[PDB]
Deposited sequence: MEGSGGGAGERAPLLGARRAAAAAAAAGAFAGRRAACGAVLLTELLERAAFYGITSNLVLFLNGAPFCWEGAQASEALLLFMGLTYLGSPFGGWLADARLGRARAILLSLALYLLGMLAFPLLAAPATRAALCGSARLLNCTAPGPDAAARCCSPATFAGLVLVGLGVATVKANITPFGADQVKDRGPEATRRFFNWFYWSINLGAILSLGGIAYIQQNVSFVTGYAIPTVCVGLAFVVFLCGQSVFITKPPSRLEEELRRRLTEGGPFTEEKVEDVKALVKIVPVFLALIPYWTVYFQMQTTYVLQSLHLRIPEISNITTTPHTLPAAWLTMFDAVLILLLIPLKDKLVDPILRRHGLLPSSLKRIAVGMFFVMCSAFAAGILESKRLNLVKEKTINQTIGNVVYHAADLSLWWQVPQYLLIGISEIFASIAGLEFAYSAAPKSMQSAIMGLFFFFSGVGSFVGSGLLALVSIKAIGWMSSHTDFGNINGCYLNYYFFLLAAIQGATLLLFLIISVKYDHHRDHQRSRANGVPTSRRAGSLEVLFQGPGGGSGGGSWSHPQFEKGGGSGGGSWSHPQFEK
């Protein structure tokens, strides 16, 4: 009946298989370039060409990340009022490539003198490149997601749900490619070759759109004022999610990591790969085991209950992380070993890294539910005219959540609490931090359930 009809719609893509693969490939390349920049920015800035202090490099990276969130609402407005989505994304990609071209030249010893030969050694060029890259990333992110779903929007609301699955899958594949290959070359072979590859990725991503150009009011005021509270209630979700991104890697550094060979010192960025490594293996499987199974039974059809399920699994992951951290802190009092990651030696307990697998499943399932469904809700529950501007607010509130999470981490590090009073974390109670994150996620779950019920 109706179910049969919806399953038939799931039979999507169909005619438009080109128009989509082009968007998927473009997003893959863009994410590869972004993760190539973000993974080893601090090591580049604190090295031989640049004598920046660690605090200066951290502030520079923080400003670069903050720009990519602040520019999203303005990038979306530019793509709706003055230009089209295609032209806006093309201009953003051109600016992104222009900012891209700066880093290889600085890395190259011959061309460094031309740019900044004669505190911060080369602040103007680096800041201009980072500003251009941030604006390009912010404009691409706020516009690629609604542009991609535009092709599959005719076949009902079931095709835009399947597209947002292979979009996230392509994002994570690009993350794996960038953090595995490019991040390896940037630290082992050379920075020139490690930064030339993402520039080539940006160049290829620009060609794909040029090749694929041939195949691509009170009510809305009410919609705006009705969807603003839902976005506001999602700030604690991002607050917890980014803190889990950071502290999970912090814990992984202090856990027994096996060696691969007999180029040395595997990059620390590889650890982040773990999370995305799950996501790939989940997204096809899930799709199948969710597209029939959860559709013919009429289970969990809305995009907000899926966010609630994602929050539940986030809380479960926080609790598992707290348990593992308590075990690690109990074990570390007996003996400790030293292992080198990059150019720094961490003191780690003799507890295997793979014991961290149960954590990354629970958040991974969360990113199966909360991450995709958030984009689906942002796309569907938005006025037709202001599409790609509501996504701007979505990605801006994500940045607000990230910054308030950084502030929360700074809060528990004061002398009064002392949870994070000190690269060694053997003297820091990360388990209490994980339990606090779990409590925050539970309160967010309850508040979001109330908000979702009121919204519907």
## Note on the structure
Deposited-sequence ranges lacking CA coordinates, in order, are 1-17, 136-149, 248-272, 319-322, 483-486, 521-581
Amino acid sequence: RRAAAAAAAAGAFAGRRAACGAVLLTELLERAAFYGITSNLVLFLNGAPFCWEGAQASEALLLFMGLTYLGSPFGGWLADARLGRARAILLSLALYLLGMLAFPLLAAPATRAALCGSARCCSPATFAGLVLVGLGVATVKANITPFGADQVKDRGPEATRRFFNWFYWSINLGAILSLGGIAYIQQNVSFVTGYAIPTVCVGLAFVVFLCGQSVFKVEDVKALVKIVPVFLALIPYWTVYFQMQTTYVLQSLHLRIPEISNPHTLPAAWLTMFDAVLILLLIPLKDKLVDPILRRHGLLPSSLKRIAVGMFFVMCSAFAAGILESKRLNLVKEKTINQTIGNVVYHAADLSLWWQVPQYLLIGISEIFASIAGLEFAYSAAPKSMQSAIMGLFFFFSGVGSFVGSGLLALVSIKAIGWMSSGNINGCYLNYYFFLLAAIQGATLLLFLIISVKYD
From here on, numbers count along this sequence of modelled residues.
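In this text, rigid core is short for the largest set of C-alphas that superpose within 1.5 Å between two forms.
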### Message
Please tell me which region, 42-50 or 384-392, has C-alphas lying farther from the displayed form on average in 6 other deposited structures of this protein, with superposition done on the core.
### Response
42-50
### Query
Fitting on the core, do the C-alphas of 252-260 or of 271-279 deviate more in 6 other deposited structures of this protein?
252-260
